[PDB]
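Nothing in this text is a laboratory measurement; each read-out follows from the coordinates by a stated rule. Heads up, the Cβs are rebuilt from the backbone with ideal geometry, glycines too, and the neighbour counts pull from every protein chain shown.
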Amino acid sequence: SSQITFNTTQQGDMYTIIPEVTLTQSXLXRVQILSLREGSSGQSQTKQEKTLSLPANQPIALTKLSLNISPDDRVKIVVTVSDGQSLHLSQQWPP
């Protein structure tokens with residue numbers, strides 16, 4: 001039941017997205033986060049990876065992403081968590 005969830009808040013058009021990961025077993029895991037924004041007058045894309053030790057039974061905040069989303073803006077946040085063995089978790093925001 002190890003999973004990735006997204007905690008989100010909104011102020012007008014400012015969005016704060018905090019990807020969360022809760023694991024049944026403790027791991028040395030590779031965490032990949034791909035964020036993309038395609039606005040009317042600008043585009044932005046962030047690829048970030050981090051290999052660190054994660055504890056079990058606790059929700060871990062992976063990153064804090066602040067995005068300015070307006071009508072018709074293409075936004076995508078893909079988070080991938082893998083231990084290198086049998087665990088591979090991939091979730092996308094918006095759900």
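With the crude spin-label approximation of a point 7 Å out along Cα→Cβ, what separation in nm comes out for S1 versus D13?
Label-label distance for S1 and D13, simple model: 4.1 nm.
If neighbour count is taken as other Cβ atoms inside 10 Å, put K76, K64 in order from fewest to most.
By the 10 Å Cβ count, ascending: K64, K76.
In percent, what relative contact order does the chain have, based on Cα pairs under 8 Å that are 6 or more apart in sequence?
33 percent
Could you run the Karplus curve 6.51 cos²θ - 1.76 cosθ + 1.60 with θ = phi - 60° over region 53-69 and give me ³J(HN,Hα) per residue in whole Hz, x for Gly and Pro?
3J(HN,Hα) across region 53-69, in whole Hz: 7, 10, x, 8, 6, 10, x, 9, 6, 7, 8, 10, 10, 9, 10, 8, 9.
Please state the charge dipole magnitude for the chain, taken about the Cα centre, from unit charges on C-beta atoms (+1 on K and R, -1 on D and E), reported in debye and rounded to the nearest 20.
That gives a dipole near 180 debye.
Grab the Cα-Cα distance for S82 and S44, subtract it from 0.36 nm times how many residues apart they are, and report the gain in nm with one decimal.
11.2 nm
Using the Karplus equation 6.51 cos²θ - 1.76 cosθ + 1.60 (θ = phi - 60°), what ³J(HN,Hα) coupling, rounded to whole Hz, does each residue of region 20-26 give in order, writing x for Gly and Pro?
For region 20-26, the Karplus curve yields 10, 10, 10, 10, 6, 10, 6 Hz.
Residue-wise, which Karplus ³J(HN,Hα) couplings in Hz belong to region 85-95, taking 6.51 cos²θ - 1.76 cosθ + 1.60, θ = phi - 60°, and x for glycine or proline?
My calculation for region 85-95 gives 10, 10, 8, 9, 10, 9, 10, 10, 10, x, x Hz in order.
List the residues whose amide H sits under 5 Å from the amide H of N7, counting only those 5 or more places along or on another chain, with H placed 1.01 Å from N in the peptide plane.
When sequence neighbours closer than 5 places are left aside, the close amide H contacts are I18, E20.
What's the long-distance tail for the chain, i.e. % of Cα pairs beyond 20 Å?
37 percent
Taking the chain as a Gaussian network, where each spring joins two C-alpha atoms under 10 Å apart, which residue of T51, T22, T80 fluctuates the most?
Ranking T51, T22, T80 by mean-square fluctuation puts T51 first.
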